[PDB]
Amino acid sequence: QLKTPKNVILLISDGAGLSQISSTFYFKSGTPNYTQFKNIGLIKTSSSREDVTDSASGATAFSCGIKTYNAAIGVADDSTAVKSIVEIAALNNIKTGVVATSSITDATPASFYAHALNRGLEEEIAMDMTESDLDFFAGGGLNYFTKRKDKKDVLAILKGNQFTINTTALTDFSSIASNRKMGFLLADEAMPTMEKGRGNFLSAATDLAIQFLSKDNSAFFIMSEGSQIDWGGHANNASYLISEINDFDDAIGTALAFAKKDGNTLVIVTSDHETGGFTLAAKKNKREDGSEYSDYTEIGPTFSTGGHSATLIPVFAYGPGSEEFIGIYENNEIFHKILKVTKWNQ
């Protein structure tokens, strides 16, 4: 018999395998927040049709609890829509929020609020937001709501649904505390990279979501995504990847500080899959007559692929029910384990 968390925060690092996680132990100032976790599990990430998953099927496994096809958003392998944790939470009177450093219409956040046959239908996904139960969102993607093929103003529709929308900057909590629902659309497409000065957006937005959704002592569910770790991987760009995962680890710290104080919040950290074959290899040196050799004293990160890979992925859990998340299991069981510990029903 484990305990029962009131609140859940699910932090997803897109594209981070254990090698990416490990970079925080060598390239971050001070101890990584990962070290706060005791309960650790591993997930198998293959989709219903593919050994190597994409972000859409990978996140839909978390949000909806099923294996589905690569590119599916909140639909099953036979393409029928399935209820997401956000919808279920709403039925149980739980407040919900989604935060991402990509466009808010990108595959990972979209899987938590939309149902589409293909992740590329992002203007459809933006419109899906208007029929969702979500109470808070923050990320990029303003173009999908205001510069559309159908020339519709989706912000007006959201505002008609009780959203206050801010397209300028993340504000203090006092600026939003009295709003019924809140959305931040802070870039036309993706948010800036850390290297281009995104700064503390992910941690700040997560803190804002926590304070906003727990107004009046409501239970809440939040998914916050370190979206751009995956992009650093695809580009085989070590400094990009490293700076984005260090930022993610800051957000883990933000979530854990809240949870440890609150005492009734489960924090789950995981990834959808690994990307790039990122490796903390030994530094390579060149001679002059037969160049390359290794120096084990230092790390020179390397990559082996431009795409995703099928390694098992670590899961970290802290708070009431955290022991449910140990062992090795399929990615889609994350959904079922969350429902099990929270007792959120259908």
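In case it trips you up, residue 1 is the first one in the sequence shown, and so on.
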Quick one: higher average CA temperature factor, 198-206 or 150-158? 150-158
Higher-scoring stretch by recorded Cα B factor average, 167-175 or 247-255: 167-175
Based on the PDB record, which member of 212, 184, 145, 231 exhibits the highest Cα temperature factor? 145
Using only the C-alpha B-factors in the record, can you name which of 219, 117, 98, 269 has the highest? 117
Record-listed C-alpha B factor of residue 293: chain third: highest
Please say which third, lowest, middle or highest, residue 306 falls into when its CA temperature factor is compared across its chain. highest
Compared with the other modelled residues in the chain, in which third is the CA B-factor of residue 224? lowest
Could you say whether, by C-alpha temperature factor, residue 2 belongs to the lowest, middle or highest third of its chain? highest
Based on the entry's values, in what third of the chain does the Cα temperature factor of residue 121 lie: lowest, middle or highest? middle
